[PDB]
Amino acid sequence: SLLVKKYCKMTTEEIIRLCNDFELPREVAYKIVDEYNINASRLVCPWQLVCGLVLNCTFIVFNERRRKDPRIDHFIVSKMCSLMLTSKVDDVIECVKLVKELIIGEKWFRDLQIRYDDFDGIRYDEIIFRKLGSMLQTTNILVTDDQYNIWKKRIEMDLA
DNA sequence: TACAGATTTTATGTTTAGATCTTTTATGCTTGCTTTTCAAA
């Protein structure tokens, strides 16, 4: 288990290797590098911080693919347990929640949230009406128009 | 204007809501010594 190993040694090359197996953009990868570098002397297990950083960035960058396909959300963490050498998935989401405290309110995290238009899993135009307590907020008990359209196209493909 | 009746004026008592100051006690800061877990060899 890579999350158990205390005071371990790592370089930026391993960080780029982890960030290139998730196909993140390069600026986000160097911001992950800088975020590890400004905390590197004070982590009991730096792989905990790195795991939370890449998981929180890969939730944000592919928010549209996660919206149109939830199984990607069941893929990515299921892939990353293969890289942290852990069988249970609870420590990975614990890493996500523990790192989430340390980067919320940071300027680059907020700019990433703005430019991908992703604030805790939804766009601004939905979160403003859930914050206002609107009765007309787009609740999710039906399916969206894009999901309905791609499902209708897929079922018309498999009909003939 | 005459006068009964209503309202005001002046005068005081009853009860509650709150302000200020005094006395005693809690509380936090400082400084010097002692124990204890965790980062590193």
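Convention: sequence-line order gives letters A, B, ...; per-chain numbering from 1.
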Point to revise | Test item: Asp69(A) side-chain N/O and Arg65(A) main-chain N/O as donor-acceptor pair under 3.5 Å | key: no

Review point. Are the side chain of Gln147(A) and the backbone N or O of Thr144(A) linked by a donor-acceptor pair below 3.5 Å?
Key: no

Exercise for review: Check the pair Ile76(A), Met80(A) against side chain to side chain contact (heavy atoms under 4.5 Å, CB included), reporting the backbone distance first and the verdict last.
Suggested key: CA-CA 6 Å; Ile76(A) 283 166; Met80(A) 168 102 178; 5.5 Å; no

Revision key, fill the gap. Counting only Watson-Crick and G-U wobble pairs with both atom distances below 3.5 Å, the stems of 3 or more consecutive pairs that include DNA chain B are none

Check your understanding: Between atom NZ in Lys9(A) and atom P in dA39(B), what is the gap in whole Å?
Key -> 17 Å

Check your understanding: Which whole-number value in Å describes the distance from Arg42(A) CZ to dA40(B) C1'?
Key -> 18 Å

Point to revise | Nearest-0.5 Å distance that lies between atom CE in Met10(A) and atom NZ in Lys5(A) | key: 9.5 Å

Point to revise | Distance (rounded to the nearest 0.5 Å) between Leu2(A) CG and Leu18(A) CG | key: 9.5 Å

Check your understanding: Is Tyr7(A) near enough to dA39(B) that one of its side-chain N or O atoms lies under 4.0 angstrom from OP1 or OP2?
Key -> yes

